[PDB]
Structure formats: structure tokens, C-alpha cells
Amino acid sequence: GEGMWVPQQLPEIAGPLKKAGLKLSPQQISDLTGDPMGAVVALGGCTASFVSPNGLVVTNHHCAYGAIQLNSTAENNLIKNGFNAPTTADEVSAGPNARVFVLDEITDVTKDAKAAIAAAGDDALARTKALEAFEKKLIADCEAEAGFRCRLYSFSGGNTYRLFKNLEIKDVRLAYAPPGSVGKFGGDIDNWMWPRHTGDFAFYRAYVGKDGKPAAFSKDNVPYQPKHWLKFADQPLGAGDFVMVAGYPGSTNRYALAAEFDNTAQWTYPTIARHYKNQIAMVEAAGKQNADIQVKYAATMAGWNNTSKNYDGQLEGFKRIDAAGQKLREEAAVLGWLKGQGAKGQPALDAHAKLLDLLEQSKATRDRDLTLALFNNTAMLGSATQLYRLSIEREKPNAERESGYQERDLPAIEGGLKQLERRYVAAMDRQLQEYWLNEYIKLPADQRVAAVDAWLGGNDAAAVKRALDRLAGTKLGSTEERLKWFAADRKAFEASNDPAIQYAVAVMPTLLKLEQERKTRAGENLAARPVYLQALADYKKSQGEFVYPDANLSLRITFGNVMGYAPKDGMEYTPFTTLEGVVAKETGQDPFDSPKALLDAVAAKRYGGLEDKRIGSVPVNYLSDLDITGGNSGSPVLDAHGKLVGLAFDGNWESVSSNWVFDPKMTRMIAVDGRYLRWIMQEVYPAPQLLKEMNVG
């Protein structure tokens, strides 16, 4: 059922957990470095878990797609073929930026954090800088232990702060991916849909130095030995059974002003979707010509497809449940409520007023802000602005450098410049720069950027064309030139005749000023958000409704039971799909082109000891009423005894609007059954070595 519960809410959900079927004690789940919860790890925008005492980590194929794509060429396509390492020496690096984070400690630091914030008094910008300075000092102290990375999380609008501390494993290697026709069966046609038939799984292995401490990739590193790992279930999962997920959902917007919603529905989601589709169309074409462009842009392409379909689905789900309607009506009812109680509820009513005007403000410039952001996110302009900004920050003491530009951020910066080699083709990026310039010129005169106007030389196909021809002369296209500039000083940037770098030097003043304009808006928000959101929460508690914070990339628990749903009268989706359903979709064309070994094994009812009698086949995917969102991919699904029953990977089409307005009747998690993992690894693309290491063959 509903809720992305923080581990500190476990007493609130103890009884609900038992009633839904948990047969572990709430005590045992509370131990976030215990069995099983100490097996659950964060990847950075996906979840995973350890499944052997030798560092084996399972997550989704689409979570590992980055890594598989980084290791793929046109002439050896791991995406298409799969990857299997018969020994640990065979495992290939997942990339310099790949991580496994292993939870170490959580601490409330709320009291201190709002003290620091208050200590700056009445100046919006100073309030932001004081929180920034508080966070940096905290993190600096927490990361003083070698091998740990820490993070500060603000919950419920800034009513609570916690500090998380993680072991940072920095050598992650690919051990197994099934072929892409299993890992992503049904492609973007089945994405966000049920019935689903997707084998969305892949395995990493986690490595440290010989001293047992984190290290970056080296051939002398050896497998991490986790304190805790998951065991596969020995009881078959069936309809109605208890399941639970722990993981790292990224963001929700369930506490929001109606105007935040209207803006998102009417503007943000339609605009982003349109832009995303336009770039897909461009890249799709060029890649039909050019297998190098196709393999190199595959990850970016999957991203654009996934987000644009999600927003299409959110827009549809709003209309289905009248979300505009509900938001209006709960806002009226909460505003009603507040004046309602006169003296006491006046702080909250003021907050509402502030927040709302802050939001008209961000609204005045939103087209400018998006367009410039995405224009600067193309490859060579991104690289030049990031690298120039780093040269600016390096002049300050580390403690004062912008987050993202401190010493602690250097590994990831340098890592990104090397990963970009596998994701960049100049003829392709030129077309994207063109696309974004065209949209820039499009902007109204009041919505323009001085420095960009001037850099460009006026508003037409001709100038666009000059820009593109000039930028084409950058040397930032090679990894070596990027890594040269990664180490160069600010003066060398200001001296450069590289046209990409000249663009950066030209606009950076504007970008820093707009960053100040954002830090100022956030500071005002920081006063007004926690009060108002605390009232939203208070009203909900007064309606007996469930109260938990919007997702914020921290660890959450969700629980429920295996069940389907009913999209329309006269029909129901069943909780499971089956092997026969995979083969019924077969067309021999992508994305419905399963391996021959699967097709033959299914036509033979070779079920490998994995059949579930109740469904008369091996289960493939399943639905449950858990409450998950982007960031939960790869999360282990555990049964009543804490055993592994599947991996979370998607939501059904009608679920995605629950980011804004939760609908219990149509919100389901889609998970890959652990018996399908097993079956694929026995009969289709075998990994007898991983099965044995997981004590299942």
C-alpha cells in the first residue's frame, strides 16, 4: 500500500507490516546494517543488493546499461549479445564513475542545521550560503575517515535533516548481463506497461584494495567481502503473498501547491517531452545510417525515451483522475482549514503566500532557464563550461568552492570526461547544438541572454550556421584535450582560441549571476517551505491519511502484497506473467526478438525445476501494491522471511501520476521474478558459476 517510509518510521509501520504478512520482527528490519537490510546498496540513481559473500551485486539491466554500453562497440555489441564472465578475472570495469554505496550510519542533525540557517537572519542569499557552509563542514568531518562518502538530506520541506554515511566502493565490474532482447524485451513499446515480459537484471562485482579499503580500478584489487548478503527464496511466491522493498527513490511531489502542479502539467512535462522526442527523432535517423552513432548514443536515447514516455503517462493519469481538480480541492480545504484556527495557523498561511509568489518568479524565466540549461548540456559546451568553472573554483579555498567543484568531486569530473568518449560523435552533437540554437532564437526578446545574443551575432539561420561552423573547430572532442583542460588554470582558459572554451568564458558571468539568482530564491523558499509543508502534514494527520516524506534519494521501505489491478470494468490484469507470454509476443524483429535458446526452451516446457504449479509455468514478471519510484530500479524484493523474490524495475502505465496524486487502485510495482533470473541463467544464457556462488545450482 501507500508509503515510502523512512527507517525511523518502523514503529508506526510495525503492526501494518505484521498484518500484511512480515514474519521477521520489526527489530530485525530496523537494523539498517543487519540481515537483510545491510545487503541493500545504492548505485547513485538505482538500487542494488549483495547476493554472495564474494561481492556479487544484482541490479537491473537498465541500471547496468550505462556500463554495458561503455563496454560495447558496433563490432562487439554487449547490449545486443549479453556478457558473461566465466571467472572473476574476466569481469570488465563498469566505468570510472560506477559506484556501490554501503550504508554505515544515519544521524539526525536537524537541530544544528536549522540553527546555522537561523544564524544568518533575514537575508535570503545568506541563508542558502550558511546551510551550504554547514553541510560542507559536516561532510568534511564525516569523510575524514578514508573510504567513506557522506550526504546531507533534507526531509519534509526542511523540517528534518539527516546525515548519511556510506562506504564508497569505487571499483565496480560487470559480471553478467543477459542479452538485450531479454534485458529489455519489448523495448520502449512495453516500457511503462503491463503485461510485461522483461528479464530486467544484471550482475556487478564490488572490489576494494588488498588493505580492504576502497580504491579506483586496478588489477591488484580484489572482491569486497560484504557483512551481509541476500539469499534466494526457497518458498515459491504466489498471489497475495507479502513483499517488501528497500531502496533509494529519487523524488516525489505529493506535498505541493496546486500551482506547482499546474505548472508541471501545463508547461514542464509537455515542453520537456516535446524536446526529448525531437532529439530522439534526430538521433534515431543518424543512427540508422551509422552504427557508431547508434551504439554511442544508445544510453542517452534510452533516457530520453524513458522520461518522455513517463511524462506522457503522467499527463494521461492526471486527466484520468482529475488531478488538477483534486489539487485545487485539497488546497481550498487546507486553506479553509488554516484560518479555521486563527492565531495558531497564521505562520502557515503566510508561507503559502510566499511560496506561491516564489513560484511566479521562477515562472517568469522558465523558458529561458530550460533552454539555456539544455543548450549548455550538449557535449562540448557542457565540457567547456564545467571545465572553465572548475578552474575558477580551484582559485578559492576548498571549503568555499561550489559543491560539485571541490576536491571530493574531482574523481567524478575526470571520470565523466573519459566516459564521454563512448557517448560523443561530433556530427551528431552538431545537430543537437543546431536544435538548441534554433530553440534559443525562437525565444522572446525579454527572455534572452545578453552574452549569448552577442556570442551569436543575431537571430537567423545565417548566425546559427556561423556558430555551428565555429564550434566545429574545438579540440574538446578528444578525451586527451578534455583531460588537459581538467588540469589547466583559469588564465590558460581565458587565453584559449578553442571556440567551445571561448563560449564558456563569454557566458560564465551570466551563469554565475543566474546561479546567484537561484541561490537567493532557494533561501526564501528555505524559510517558508518547512512551515507550510508541516501544516500539509498536520492536516493529513487530522484526516487519518498516511504521513511520510516525499522521496529525496534516501533509503526507504515499502511493503504490501502481490496483486494485480483492474484498469477498466470487465477486466483485470493478473499478478503474474509467464514464459508462454514471452513467446506469444515474438516477432523476430526488435524489440520482440527473444534468443533462440529461450524460444526452444519454452516450446519444450523446459521449466528447469522453477515452475510454479499455481500458474502452470515459470513466472516472468509480477505486480504488487508497493510504492516505488525512479531510483528504486534494481531494489531487491523480499518475501515475508526476508528472502529475495525479484527485483523492482518499473511501474504500470496508470501508476506514474502517483508522483503528484497517489491512486491506490492503479499504483503497482512491476518486478522481475527471481525464478526468471534463475531460469534465464540456467536455460538461455547460462551462468552456472554465478548460480553456484548464489547456492542455487
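Note that residue numbering begins at 1 and tracks the sequence as displayed.
- Taking the PDB entry as given, 485-493 carries the higher mean Cα B factor of the two stretches 485-493 and 580-588.
- Look at the mean CA B-factor for 13-21 and for 674-682 in the entry; the higher one is 13-21.
- Taking the deposited Cα B-factors for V547, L410, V602, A291, the highest one is held by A291.
- In this entry, the residue among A233, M244, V618, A351 with the greatest C-alpha B factor is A351.
- Compared with the other modelled residues of the chain, the Cα B-factor recorded for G1 ranks in the lowest third.
- In the PDB entry, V425 places in the middle third of its chain by CA B-factor.
- The PDB entry assigns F201 a C-alpha temperature factor belonging to the lowest third of its chain's modelled residues.
- In the deposited entry, the Cα temperature factor of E395 sits in the top third of values across the chain's modelled residues.
- Remark: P509 belongs to the highest third of its chain, ranked by C-alpha B-factor as recorded.
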